[PDB]
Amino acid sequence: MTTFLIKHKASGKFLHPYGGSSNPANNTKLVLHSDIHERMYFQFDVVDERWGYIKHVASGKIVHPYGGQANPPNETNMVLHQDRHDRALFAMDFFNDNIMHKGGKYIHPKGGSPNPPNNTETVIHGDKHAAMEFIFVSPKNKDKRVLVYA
């Protein structure tokens, strides 16, 4: 199914598991990093119309708010975990360019910087601004948007 990079729009860095492993342990944090390789490729498993799991290709683990809450508060870390459940549902809003968790909050770089350094953690946060925007691009062309829903 269609593979993509999650690119932070303001800085051009990508979502990675911290340490870049092909098999990250449960609860490894998701960070921003400039490197491109097969261990930062993602896919999107549609569950219910806009909602689905954001899946790390190399390991098959998916994105979760740490602790798996329905309504994680601001600053909750994004991590990878093997479990599938409704608290790991996100919508990939490719029109407003953001990623929304089921509870209504978004993925941010921690600190909200438009230029986070390599290995900055990502967190849940309710705010909307230029620095929490993400676009979904081809592994072979980091400037070409791809359709994550098909």
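Each residue number is its position in the shown sequence, starting from 1.
**Student:** Higher mean Cα B-factor in the deposited model: 86-94 or 55-63?
**Tutor:** Per the deposited B-factors, the answer is 55-63.
**Student:** With respect to the recorded C-alpha B factors, which stretch has the higher mean value, 18-26 or 128-136?
**Tutor:** Averaging CA B-factors over each stretch, the winner is 18-26.
**Student:** Quiz for you: based on the deposited Cα B-factor, which of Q43, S113, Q69, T122 is highest?
**Tutor:** Highest C-alpha B-factor among the listed options: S113.
**Student:** C-alpha B factor of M100, ranked within the chain: lowest, middle or highest third?
**Tutor:** According to the entry, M100 has a C-alpha B-factor in the chain's lowest third.
**Student:** Please place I36 in the lowest, middle or highest third of its chain by C-alpha B factor as given in the entry.
**Tutor:** Tercile = highest for this residue's CA B-factor.
**Student:** Would the CA B-factor of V146 place it in the lowest, middle or highest third of its chain?
**Tutor:** Its C-alpha B-factor belongs to the middle third of this chain's values.
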